[PDB]
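Visitor:
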Amino acid sequence: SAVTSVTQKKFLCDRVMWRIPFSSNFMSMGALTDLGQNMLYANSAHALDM
Amino acid sequence: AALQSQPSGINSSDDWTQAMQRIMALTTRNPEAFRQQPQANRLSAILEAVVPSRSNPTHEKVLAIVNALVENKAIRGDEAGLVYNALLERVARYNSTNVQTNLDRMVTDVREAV
Numbered sequence: 844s845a846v847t848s849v850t851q852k853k854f855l856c857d858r859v860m861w862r863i864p865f866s867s868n869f870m871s872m873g874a875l876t877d878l879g880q881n882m883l884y885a886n887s888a889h890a891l892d893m
Numbered sequence: 013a014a015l016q017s018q019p020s021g022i023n024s025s026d027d028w029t030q031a032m033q034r035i036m037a038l039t040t041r042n043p044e045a046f047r048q049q050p051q052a053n054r055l056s057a058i059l060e061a062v063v064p065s066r067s068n069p070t071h072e073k074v075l076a077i078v079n080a081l082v083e084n085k086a087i088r089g090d091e092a093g094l095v096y097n098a099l100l101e102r103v104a105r106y107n108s109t110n111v112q113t114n115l116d117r118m119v120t121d122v123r124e125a126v
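Those protein sequences? They're chains L and R, same order as listed. The authors' numbering applies: residue 844 is where the first sequence begins, and numbers increase by one. The authors' numbering applies: residue 13 is where the second sequence begins, and numbers increase by one.
#1: Please confirm whether R/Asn-84 has its beta-carbon closer than 8 Å to some beta-carbon of chain L.
#2: Tell whether a beta-carbon distance below 8 Å holds between R/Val-78 and R/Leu-59.
#3: Can you give me the C-alpha to C-alpha distance between R/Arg-41 and R/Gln-30, rounded to a whole angstrom?
#4: Please confirm whether L/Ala-888 has its beta-carbon closer than 8 Å to some beta-carbon of chain R.
#5: Within the 8 Å Cβ cut-off, does R/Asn-97 reach chain L?
#6: When we look at the beta-carbon of L/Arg-862 and count the other beta-carbons within 10 Å, is it buried (16 or more) or exposed?
#7: What separation, rounded to the nearest whole angstrom, lies between the Cα atoms of R/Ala-57 and L/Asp-892?
#8: Counting only the same chain and skipping the five closest in sequence on each side, list residues whose C-beta sits under 7 Å from that of L/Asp-857.
#9: Is R/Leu-81 close to chain L, meaning its C-beta is less than 8 Å from at least one C-beta of that chain?
#10: Along the chain, which unbroken stretches of the alpha helix (DSSP H) at least 4 residues long are found entirely within the segment 34-79 of chain R?
#11: Rounded to a whole number of angstroms, what is the C-alpha to C-alpha distance between R/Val-82 and R/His-71?
#12: Is the distance from the Cβ of R/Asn-84 to the Cβ of R/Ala-125 below 8 Å?
#13: Can you tell me which of the three DSSP states R/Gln-16 falls into?
#14: From which residue to which residue does the alpha helix (DSSP H) around R/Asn-110 run?
#15: Using a Cβ-Cβ cut-off of 6 Å (strictly less than) and excluding sequence neighbours within five positions of R/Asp-26, which residues of its own chain qualify?
#16: Alpha carbon to alpha carbon, how far is R/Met-118 from R/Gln-49? Give it in angstroms, no decimals.
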């Protein structure tokens with residue numbers, strides 16, 4: 844006698860901040876990243892908008 | 013690096029030595045070609061030939077280090093303009109009498125390290 848149904852799906856994530864690394868392949872492999880060494884020879888300034 | 017930081021003529025009083033020859037009229041391009049110019053080309057080849065007003069050889073001599081670093085493969089060829097900046101703000105923001113002296117030790121040392 845089961846009724847018509849719809850599905851809800853979620854997730855939770857607790858105690859963990861979301862992370863986006865500043866790497867070209869999105870994975871660490873040295874603390875100083877590959878794109879942190881593109882303004883480490885002569886300073887360049889930019890605005891960041893998120 | 014003198015084909016990239018020295019001119020071919022006068023526009024800042026560079027090449028003063030060969031502009032003094034002009035006003036002595038003994039040039040090998042004929043001295044009778046200098047008496048046949050406007051009054052504006054002989055009034056700037058005699059004012060830049062009595063009083064020198066030389067440029068700084070820093071542009072030349074930091075371009076002779078970074079043009080001898082890309083013939084070693086020490087840095088990429090895309091970093092030959094980005095380390096030009098970095099040695100014109102490392103020798104310029106910490107400039108002294110002795111920094112200038114030791115800039116000219118990389119004109120012959122680094123040149124022959126190639």
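Virtual Cβ for every residue (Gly too), placed ideally from N, Cα, C.
Guide: This is what the structure holds:
#1: Counting from one through the second sequence, the residue named residue 84 of chain R turns up at place 72. R/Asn-84 does not count as touching chain L.
#2: Here the question's residue 78 of chain R lines up with position 66 in the second sequence. Here the question's residue 59 of chain R lines up with position 47 in the second sequence. Going by C-beta atoms, R/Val-78 is not nearer than 8 Å to R/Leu-59.
#3: Here residue 41 of chain R corresponds to residue number 29 of the second sequence, with the count starting at 1. Here residue 30 of chain R corresponds to residue number 18 of the second sequence, with the count starting at 1. Rounded to the nearest angstrom, the two C-alpha atoms are 12 Å apart.
#4: Numbered from 1 along the first sequence, position 45 holds the residue referred to as residue 888 of chain L. No, L/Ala-888 lies away from the interface with chain R (no Cβ there is under 8 Å from its Cβ).
#5: Counting from 1 along the second sequence, the entry for residue 97 of chain R is found at position 85. Cβ-Cβ to chain L under 8 Å: yes for R/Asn-97.
#6: Within the first sequence, numbered from 1, the residue matching residue 862 of chain L stands at position 19. Exposed, since its Cβ has fewer than 16 Cβ neighbours within 10 Å.
#7: The count along the second sequence starts at 1 and reaches residue 57 of chain R at position 45. The count along the first sequence starts at 1 and reaches residue 892 of chain L at position 49. About 55 Å.
#8: By 1-based counting over the first sequence, the position of residue 857 of chain L is 14. Nothing listed; no residue qualifies.
#9: Working through the second sequence from its first residue, we reach residue 81 of chain R at position 69. It does not: the Cβ of R/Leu-81 has no partner Cβ on chain L nearer than 8 Å.
#10: 70-73
#11: Start at 1 with the first residue of the second sequence, and residue 82 of chain R comes out as number 70. Start at 1 with the first residue of the second sequence, and residue 71 of chain R comes out as number 59. The straight-line gap from Cα to Cα measures roughly 17 Å.
#12: Here residue 84 of chain R refers to the residue found at position 72 when the second sequence is read from its first residue. Here residue 125 of chain R refers to the residue found at position 113 when the second sequence is read from its first residue. Yes, these two residues count as a Cβ contact at 8 Å.
#13: By one-based count along the second sequence, residue 16 of chain R stands at place 4. The answer is coil: DSSP assigns R/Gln-16 none of H, G, I, E or B.
#14: Translated into the one-based positions of the second sequence, residue 110 of chain R becomes position 98. That run of the alpha helix (DSSP H) goes 109-113.
#15: Taking the first residue of the second sequence as 1, we reach residue 26 of chain R at position 14. Within the same chain, R/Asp-26 has close Cβ partners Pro-19 and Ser-67.
#16: Your numbering for residue 49 of chain R matches position 37 in the second sequence. Your numbering for residue 118 of chain R matches position 106 in the second sequence. For R/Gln-49 and R/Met-118, the distance between alpha carbons rounds to 43 Å.
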